[PDB]
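Only one structure is covered here, and it is reproduced in the block below.
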Amino acid sequence: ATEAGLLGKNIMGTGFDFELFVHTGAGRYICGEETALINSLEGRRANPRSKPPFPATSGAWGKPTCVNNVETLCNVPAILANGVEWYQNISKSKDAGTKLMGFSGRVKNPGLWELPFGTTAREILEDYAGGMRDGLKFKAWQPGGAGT
Amino acid sequence: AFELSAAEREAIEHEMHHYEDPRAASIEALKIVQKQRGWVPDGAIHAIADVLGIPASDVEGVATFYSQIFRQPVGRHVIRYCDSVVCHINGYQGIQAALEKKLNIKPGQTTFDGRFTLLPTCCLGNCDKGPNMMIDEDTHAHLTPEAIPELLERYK
Amino acid sequence: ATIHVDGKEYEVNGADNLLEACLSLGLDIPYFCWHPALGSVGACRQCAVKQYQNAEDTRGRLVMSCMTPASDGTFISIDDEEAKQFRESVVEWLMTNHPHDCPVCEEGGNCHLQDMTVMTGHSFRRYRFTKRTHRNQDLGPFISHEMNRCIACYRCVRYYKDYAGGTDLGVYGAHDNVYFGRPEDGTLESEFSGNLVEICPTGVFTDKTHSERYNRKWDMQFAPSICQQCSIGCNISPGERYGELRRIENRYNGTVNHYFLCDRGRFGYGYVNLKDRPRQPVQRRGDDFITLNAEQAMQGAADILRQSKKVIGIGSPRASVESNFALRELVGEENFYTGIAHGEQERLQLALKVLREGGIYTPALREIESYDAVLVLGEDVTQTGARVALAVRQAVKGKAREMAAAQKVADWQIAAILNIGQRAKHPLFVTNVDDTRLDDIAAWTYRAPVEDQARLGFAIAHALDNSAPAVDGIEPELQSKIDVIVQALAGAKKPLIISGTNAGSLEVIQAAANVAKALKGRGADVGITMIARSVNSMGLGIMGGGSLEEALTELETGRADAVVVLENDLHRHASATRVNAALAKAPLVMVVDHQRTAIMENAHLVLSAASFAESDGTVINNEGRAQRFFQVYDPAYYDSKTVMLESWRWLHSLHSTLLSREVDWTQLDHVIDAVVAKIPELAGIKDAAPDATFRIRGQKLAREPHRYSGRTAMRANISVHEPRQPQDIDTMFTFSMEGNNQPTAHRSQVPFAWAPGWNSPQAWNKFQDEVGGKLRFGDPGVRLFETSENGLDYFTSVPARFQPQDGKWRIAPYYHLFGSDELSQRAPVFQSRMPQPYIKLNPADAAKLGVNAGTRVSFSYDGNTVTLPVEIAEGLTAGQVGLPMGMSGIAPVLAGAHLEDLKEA
Ligand SMILES: Cc1cc2nc3c(=O)[nH]c(=O)nc-3n(C[C@H](O)[C@H](O)[C@H](O)COP(=O)(O)O)c2cc1C
Ligand code: SF4
Ligand code: SF4
Ligand code: SF4
Ligand code: FES
Ligand code: FES
Ligand SMILES: [Ca+2]
C-alpha cells in the first residue's frame, strides 16, 4: 500500500498523511484491554487505566487516541463503499451488519462463518457446525468466549 | 559481562524511530535481544536501559511482566502447548502427557541437553483446529499423542 | 459542595475526592493505596463506599471514595452492609498470603494493615491453602527488605518514582507474584529512600538502623524536635527507649516538611548514642582528668574565669539561639565571636541581608512546590538542602499538573495527570561545578567554576533588566543558553531563585540577588531561597559577632587568656594547626560540648553539654523561621551519675557564679525572655512555642503513649525502688504518659501521632484540619522577619572569568548528603553509606599530571601533605581540583581556596 500510494505522504493527492505500523506484542492477555493496550504501546507494564478520562480525550502519550477491533475496522470499508442504506438492510435486527460467528469444541465442523445479527445459535451449531460429534450429547455452551 | 551487538543496537534505534517516546521501544528491544540470544540476560536490561534512556527498573519490570520475554535461559527450541478451555475440551492433557513422556521433563523445565523447553501457554487463536502447540515459530494444529514424537524429531 | 454520608449532611470541598473529604470530617474509611502526597490510583480496592443516585435510592452501587469526587449533592454510605462486607473481603484477600509474622516484624503495633484488619472487623480465617512467598533483597544499610508482607498497594513505587524521582526501585512480575524492589541487590540510591518506612503500610521496608535496637511504638518516649543535620529545619519526632535515641520519625509540618524527611535526617542521629560522648564535667590537672559534678565545676570555672583578664567566647551554628546568647552574655557582646570563618560569615550575612532586606519573599519548603520556574545558582541542593530538591521536583511536575487541570481532570487523579503531562515540565536551570542529582529533570545544567556561575547569573540579571551590570566576554553558545534561561524566567508567573553559602562564593549570592531583583522589577511573583550550612546558621548570623579568625588572633596575641568554645570543633572553620596552637597558648580553654571533639585534649575544662535529644532550644532555619525543639529524655534517669545539662543552662549558671558566686541554673523561658529583651532581631522566638505554663485543660502534654510499659521494671536492675519521675520545668511537656495527646487538643506541637484505631503514621490525618493540609490549630514555628517594603540595589561587583593558573588548583566543593555534615559522619551506620575520600580531576589535568583513575596523589594545604585517590570528573572544568567538603581531614572552608604542589605520591 505504501508503494501504491495508499499510505505515507500525500495519499491520493488529497494532502492527508498517514503512517501505519505493526507493534507485535510480547504475549500477555491483559494487553487487549484498551488502556492496558495504550500502556503496553508506550513500553510500560500493561496495567489498565481508570476512565474517565477515556482514551478519546487523552490516550496514547497523552494525545487523542481511538482503539478499535480488527473486525470493526474491517466492517468500515464496506460501509464507506456500499453506503448506509445497504448496511442497515443487511438484517432486520437491532444490531446492524454482519458478524463472524462460529462454534468450537467437539462438533462436526468447528469453523468460522459470517452471519447477520439475529441468527439463532441452533443454526450455527447444527446448520453450520453440523451439530455435536458421534457419541456426544450437548450439555452447555459459552456464547462469546471464555469470559461469558 | 554483556555488550549489545551493532545489529541489535541499530535495530533498537530503528525501533525508537517509530514512536514519539523512546520508552515505547522497550518491548521490541527486549524481543530483539531475545531473538538474537534465545533469552534476555541480566546485563541486557542495563544495556537496553542505557540505549533507551529509561531506568533499568522499568525495563526489568517490563521483561518480568510479559510471559514471552524470557529472563531465564531456555533450550534451543521452545515448545508452547495451549492449555486454554477449548483445547481442554479437545484434550490437551494427552498431548501434555506425551510431551512429558518424550522429553522426560515437567512444564517450565529444560531438557538435559538443552534442545527443548516445555511451556504451557494461553489460547493461540486456533481453537477450531485444537489442540494446538507452538514450537519456536511454527504452530501445529490437530494434535494427537501418536504424532508428538514424529513431530518432535524434525526440530534438531 | 454538599454530601450526605449515612443520612448526615456535610459541607466539603468539591475539588477533593470522597476519601480525603470523609477523612477530613473524622469519618473512618479503610484505605491502602491512596496517600495525600501521592494522589489516588484505585489499586487496593479498600476504600469502597455505596453511592446512591439520589436521596430516594435504595440499591446504590459500590464506588471507590479515593476515585470518586466529592461533588455537590453527593449521597454515599460507609456503614452499608454490602460496603462493609466488601471491605472485609478485601482485607481477607490481602490476608490470604500474609505471613504469620507480626511478633517478629518491626511494623508491629505501628502497622496500617493491622489497623485496617481490626477496623474492617476481620478476625476469622477460613482460607486453608498455601501462601505465596518471596525472597528478600539487600537494600543497603538503612532500609530492610521483607517482601512476604507486601499487599501490592504500589505506594512505594509511586512515591519513589513519581514523587522522589528515584530510578532503582520498581515493580516486577505478574498476576499474584508482584515484587517491589530493586532489579538486583544493592544500595538504594535515592536521598529520600528512608521515607519508604512510613510510606509502606506494611513491614516490607523497615528502618534497619532502628531494627538493630528495636522497640515498639508504645514503648517510645517521643518529643517534637527539629532535625539538626542541615539548615532546612524539618520537624522530627525523636523516640527514645532505655536511654538511647531509638528512632527518628517524620513529624508533620504542613508548612515545612509535611510527610517526608531526607536520609541524612532520618538515619544520621547515631552520634547521640556514641559511647565516647562526655557525660560528666571533666577538669584537666596535669596528666589527671578529675570528674566533677556541676556545682564544683561552676565554682572552679568561676574562679579561673574571674582570675583572667579578658574572656572570649566562640559560638557555633550547631548550637541553639539560647546557648549562643548565653555564651554572648557570659563573655560580653564585644568578646563574643561566631565560630565560623570570615568568608563563611560574609556569605551568611550577605544571604541574611538578601533574605530580610531584598524585598523579595522567601518561600517556605512546602511553598516551593507551587513555583513555575526554578533557577539554582551554585548550591548543590540535593546534597545540602535535599528537601528543597524534593520540593523543586514537585514544582517541576507542576506543569503536568496545570496541563491536566486545563483538561478538567481532578488534581487527585494522579495517573491521568502523569499521562497528560508526559514529559513536559517546568523550566529548571541548575549551575554547579559538576553534575548534580537534579540533572534528570533540569531544563539545563551549567558545569562551571563558581566565578563562571556568578557571571552567568549576572548576565541573566542584565538580560532581564538592563539596569543590572553587564558582563563582557560571553560566548555565543553561553549567550544562547542565557537567552533560553531569560525567556523561561520572564514568562514564568512564579519564578524561584535558589542559592546558598555552600558554593563558597559571595558573587554567586550577589548574582542570585540581582536575578531576583530583576525579576521583581518586571512585576513577577519571584521568590528567593538561601540554603545555609548548619541548623542555626541563620540564628548565629542574626546574633552576629566576630569571626573565628579574629578570636584566633585574640588568643595568639595574648589579649585573651581564657576561651570558652561552645559546641564547636573549630577545625571545620579554620586550619587545624593554627587552632591547636592558639588553644595551646591560652592558659584556660573550656569546651562546652556533647561530642568528643579533637580540641578537648588541650581543653582545661570540658562541660558535658546536651545534644538535641537531651536539650530544649530554638533554631532558625534557612527561611528565617524560628522553631523550638524539645528535650526527648532525661539523661540522668538511668545513669544517676550522668551530669549532662543544656548548654544555655551551663553558661547561665557559669555567668551567675562569675557575677554573684552563687549557682542558679535557669528556667528556659527566662533565657527566651532574655533573648527577646536584649536582641530585638530575635524577638520572634518567644512565639515559636508556648511557655512551660501552657496546659490543655489543666494537664501537660504527654511525651510517651498511654500504653507505655515496663515502668516498674525499666530500672529494676539498678534499684527495685521506683525512682522519681523526671520533672520538666523548662517546657510544657512531661516525661510521662500522664498528659494530653488528643488529636483535637488546641496545640501546635505534636510529639507523635496516635488515634484509636490508627496506630500507623496515618494518624496524622486525624491530627490535621483537612487531610494533607496543615495542622489543625496551625503549624508550629514563626517567621522572624517579614518581607521588606523596599529592596536592595544591584551588586555591581561582577567577577572576572576563571583563569586556570599554572601550579595552583582551585578547590571545587563537592558535597555529600552522607558525610559533609559534622555530626552525621559520627553516626556509625553512615560509614557504610559514606563514600571513600577521593579527589576529582579533569581528564586534561590528569593527562597533564600523568595520573590515572584510582592512583594516589598528594597535596599540601597550610603545610600539611595529604594523599587521596583520584577519580576523573568529566564535567569538572580544567584548572580545578574537586574536593569533598566536610569529610575526614577536609574542612568546608577549603571551598574556593587554592592548592599547591598537587602531584602524584
Ligand atoms: C481483560 C480485557 C481484555 C480484552 N482483550 C481484547 C482483545 O484482545 N481484543 C479486542 O479487540 N478487545 C479486547 N478487549 C476489549 C477492549 O477493551 C475494547 O473494547 C476493544 O479493544 C475496542 O473496542 P471496540 O469493540 O469498539 O473495537 C478486552 C477487554 C478486557 C476488559
Ligand atoms: S506488616 Fe503488619 S500485618 Fe504484616 S506481619 Fe508486619 S505487623 Fe503483621
Ligand atoms: S512494598 Fe509496601 S508500599 Fe510497596 S506495594 Fe507492597 S505494601 Fe505497598
Ligand atoms: S533536609 Fe536537612 S533538616 Fe531536613 S531531614 Fe534532611 S538533614 Fe534534616
Ligand atoms: S483454546 Fe487453544 S487455541 Fe484457543
Ligand atoms: S485507597 Fe481507594 S482503592 Fe486504594
Ligand atoms: Ca529540660
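Backbone-built Cβ (ideal geometry, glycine too); neighbour counts: all protein chains shown. All of this is worked out from the model, or read from it or from the source named; no laboratory instrument gave them.
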Exactly one condition in (1) in contact with a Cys (Cβ under 6 Å, 6 or more places away or on another chain); (2) away from ligand 4 (no atom under 16 Å from the Cβ) is false for C:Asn177; which is it?
(1)
Could you tell me how many of the residues in segment C:455-469 are touching a residue at least 24 places away in the same chain (Cβ under 8 Å) and either within 21 Å of C:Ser537 (Cβ to Cβ) or in a loop (DSSP other than H, G, I, E, B) (or both)?
4
If you take the residues of segment C:162-180 that are buried (at least 20 other Cβ atoms within 10 Å of the Cβ) and either among the charged types (D, E, K, R) or away from ligand 3 (no atom under 14 Å from the Cβ) (or both), which of them is farthest from A:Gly27 (Cα to Cα)?
C:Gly165
Could you count how many residues in segment B:31-40 are surrounded by 16 or more Cβ atoms within 10 Å (Cβ to Cβ) and more than 14 Å from chain A (Cβ to nearest Cβ)?
1
If I filter segment C:144-158 for residues that are on the phi > 0 side of the Ramachandran plot and more than 29 Å from the chain's Cα centre (by Cα), do I get at least one hit?
yes
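Return the total of residues in segment C:728-767 being more than 22 Å from C:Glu198 (Cα to Cα), part of a loop (DSSP other than H, G, I, E, B) and either free of Cβ contacts under 8 Å to residues at least 12 places away in the same chain or polar (S, T, N, Q) (or both). Break it down into steps so the answer makes sense when it comes.
Kept after step one, since they are more than 22 Å from C:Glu198 (Cα to Cα), are these residues of segment C:728-767: C:728-740, C:744-747.
Applying the additional criterion that residues be part of a loop (DSSP other than H, G, I, E, B) yields C:728-732, C:735-739, C:744-747.
If we keep only those that are either free of Cβ contacts under 8 Å to residues at least 12 places away in the same chain or polar (S, T, N, Q) (or both) as well, we get C:731, C:736, C:744.
Counting residues in segment C:728-767 that are more than 22 Å from C:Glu198 (Cα to Cα), part of a loop (DSSP other than H, G, I, E, B) and either free of Cβ contacts under 8 Å to residues at least 12 places away in the same chain or polar (S, T, N, Q) (or both) gives 3.
So that you can scan it fast, the table gives a plain yes or no per residue for (1) in contact with a helix residue (DSSP H, G or I) (Cβ under 6 Å, 6 or more places away or on another chain); (2) away from ligand 4 (no atom under 16 Å from the Cβ); (3) among the charged types (D, E, K, R):
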| site | (1), (2), (3) |
| --- | --- |
| A:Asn89 | no, yes, no |
| A:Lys94 | no, yes, yes |
| A:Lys99 | no, yes, yes |
| A:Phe103 | yes, yes, no |
| A:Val107 | no, yes, no |
| A:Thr119 | no, yes, no |
| A:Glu123 | no, yes, yes |
| A:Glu126 | no, yes, yes |
Mind counting the residues in segment B:120-139 that are away from every other protein chain (no Cβ under 14 Å) and surrounded by 19 or more Cβ atoms within 10 Å (Cβ to Cβ)?
1
Only residues that are surrounded by fewer than 18 Cβ atoms within 10 Å (Cβ to Cβ) and either more than 9 Å from ligand 2 (Cβ to nearest atom) or within 14 Å of chain A (Cβ to nearest Cβ) (or both): list them for segment C:90-116, please.
C:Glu92, C:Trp93, C:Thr96
Counting only residues that are surrounded by fewer than 20 Cβ atoms within 10 Å (Cβ to Cβ), more than 12 Å from chain C (Cβ to nearest Cβ) and in contact (Cβ under 8 Å) with a residue 12 or more places away in the chain, how many does segment B:12-30 have?
1
Which one is nearest to C:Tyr172 (Cα to Cα), of the residues in segment B:89-115 that are within 14 Å of another protein chain (Cβ to nearest Cβ) and buried (at least 17 other Cβ atoms within 10 Å of the Cβ)?
B:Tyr92
Pairs, please: C-beta under 6 Å, at least 6 apart or cross-chain, first residue not assigned by CATH to the domain that holds B:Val86 and away from ligand 7 (no atom under 16 Å from the Cβ) and in segment B:123-140, second acidic (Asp, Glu) and in a loop (DSSP other than H, G, I, E, B)?
none
Looking only at residues that are at the interface with chain B (Cβ under 7 Å from one of its Cβ atoms) and either out of contact with any strand residue (DSSP E or B) (no Cβ under 9 Å at 6 or more places or on another chain) or under 17 Å from B:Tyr19 (Cα atoms) (or both) in segment A:15-36, which one is nearest to ligand 1 (Cβ to nearest atom)?
A:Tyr29
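Tell me the residue from B:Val74, B:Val86 that is surrounded by fewer than 20 Cβ atoms within 10 Å (Cβ to Cβ) and either at the interface with chain A (Cβ under 9 Å from one of its Cβ atoms) or out of contact with any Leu (no Cβ under 7 Å at 6 or more places or on another chain) (or both), please. Steps first, please.
Details: B:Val86 fails: surrounded by fewer than 20 Cβ atoms within 10 Å (Cβ to Cβ).
Going through B:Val74, B:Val86 in turn, the sole match is B:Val74.
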Which members of segment C:113-159 meet the condition of being among the small types (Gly, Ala, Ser) and part of a loop (DSSP other than H, G, I, E, B)?
C:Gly121, C:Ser123, C:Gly140, C:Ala152
Can you tell me which residue in segment C:85-121 is farthest from ligand 1 (Cβ to nearest atom), limited to those that are of a type in the set (A, V, I, L, M) and within 15 Å of C:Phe32 (Cα to Cα)?
C:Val118
Looking at segment C:148-157, which of the residues that are more than 13 Å from chain B (Cβ to nearest Cβ) and surrounded by 21 or more Cβ atoms within 10 Å (Cβ to Cβ) is nearest to ligand 2 (Cβ to nearest atom)?
C:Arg149
Inside segment C:412-436, can you point out the residues that are within 14 Å of another protein chain (Cβ to nearest Cβ) and among the charged types (D, E, K, R)?
C:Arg423, C:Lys425
Helices (runs of 4 or more DSSP H) contained entirely in segment A:7-122, each with at least 1 residues that are closer than 22 Å to C:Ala400 by Cβ:
A:34-41
Filtered residues of segment A:37-64 (kept if within 12 Å of chain B (Cβ to nearest Cβ) and among the polar types (S, T, N, Q))
A:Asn39, A:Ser40, A:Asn47
